[PDB]
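Comments concern the structure below.
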Amino acid sequence: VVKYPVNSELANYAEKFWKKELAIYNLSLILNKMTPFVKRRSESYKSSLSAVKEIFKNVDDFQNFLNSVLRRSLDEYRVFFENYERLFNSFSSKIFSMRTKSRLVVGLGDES
RNA sequence: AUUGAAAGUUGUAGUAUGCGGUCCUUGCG
């Protein structure tokens, strides 16, 4: 039971897309607006990330779907990055690059 | 049968010139 709290036509469109049938590219749009409420048996329609993972075939499957959706915007991200680097160089700013020692999370407490 | 009868405070004329809602601050234990 993946009933959505959105008007019926967008509800069925989101249902169609959610089962890896379409190629919606804005990951934020999928996550924020068309939220897949899950009503697993013997329980009300919860909305936690655990239920969302239960909707997908496996945790790896959900991770792959998210990675694909994120990677789908590569060209736009590249153009934006070129503009950003041009801005950095234009203002005469020192730029460097590091890497994450371990896992990172910023703004975990943002309310959703 | 009177210091009386008579006479448009009226014409033109831009509340206008200058000015950054800005500074400080980890969404987190």
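Cβ sites come from the backbone with ideal geometry, for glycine too, and all protein chains shown count toward neighbours. Since every read-out is calculated from the coordinates, none of them should be taken as a lab result.
Quick one: how many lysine pairs in segment A:27-110 have C-alpha atoms under 23 angstrom apart, if they're 8 or more apart or on different chains? Walk me through the numbers before you get to the answer.
On the way: A:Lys33/A:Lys46; A:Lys33/A:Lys53; A:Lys33/A:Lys57; A:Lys39/A:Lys53; A:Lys39/A:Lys57; A:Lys46/A:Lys57.
Here the count comes out as 6.
How would A:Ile30, A:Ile95, A:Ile24 line up from fewest to most surrounding beta-carbon atoms within 10 angstrom? Don't skip to the answer; put the middle values down first.
Details: A:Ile30 18, A:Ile95 7, A:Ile24 14.
By the 10 Å Cβ count, ascending: A:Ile95, A:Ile24, A:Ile30.
Go through A:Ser68, A:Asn58, A:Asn12 and say which Cα lies farthest out towards the positive end of the charge dipole of chain A; charges sit on Cβ, +1 for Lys and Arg, -1 for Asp and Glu.
In chain A, that residue is A:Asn58.
Ignoring everything except DSSP H segments at least 4 long, calculate the 222 nm mean residue ellipticity for chain A; use -39,500 (n - 2.57) per segment, divide by total residues, nearest 500.
Helix contribution divided over all residues of chain A: -14000 deg cm²/dmol.
Determine one quarter of the surface area of the Cα convex hull of chain A, which equals its mean projected area, and express it in nm² to one decimal.
Working: hull surface 40.4 nm².
In nm², the orientation-averaged hull projection of chain A is 10.1.
Rounded to the nearest 0.05, what FRET efficiency is calculated for A:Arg78 and A:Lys53 with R0 set to 30 Å and r the Cβ-Cβ distance?
Working: r = 31 Å, r/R0 = 1.02.
With a Förster radius of 30 Å, E is 0.45.
If each of A:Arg40 and A:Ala23 carries a label point 7 Å out from its Cα toward its Cβ, how far apart are those two points in nm?
3.3
Within 10 Å, at most 14 other Cβ atoms, and a DSSP state outside H, G, I, E, B define an exposed site. Report the longest part of chain A free of exposed GluC sites (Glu not before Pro). Numbers along the way, then the final one.
Values: sites that count: A:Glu43, A:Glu111.
Here the longest run is A:44-110.
If each residue of separation counts as 0.36 nm, what is the full-extension length gain between A:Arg103 and A:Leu66 once their alpha-carbon separation is subtracted? Display every interim value, and only then the final one.
Details: separation 37, 0.36 × 37 = 13.32 nm, distance 1.69 nm.
Contour length minus the Cα-Cα distance gives 11.6 nm.
Take the alpha carbon atoms of segment A:71-93, find their center, do the same for segment A:49-64, and report the distance between the two centers in whole angstrom.
For segment A:71-93 versus segment A:49-64, the Cα centre distance is 32 Å.
What is the magnitude of the charge dipole of segment A:7-50 about its Cα centre, with +1 placed on the Cβ of each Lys and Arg, -1 on the Cβ of each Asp and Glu, and no other charges, expressed in debye to the nearest 20?
Working: 8 positive and 4 negative charges, 40 e Å.
My answer is approximately 200 debye.
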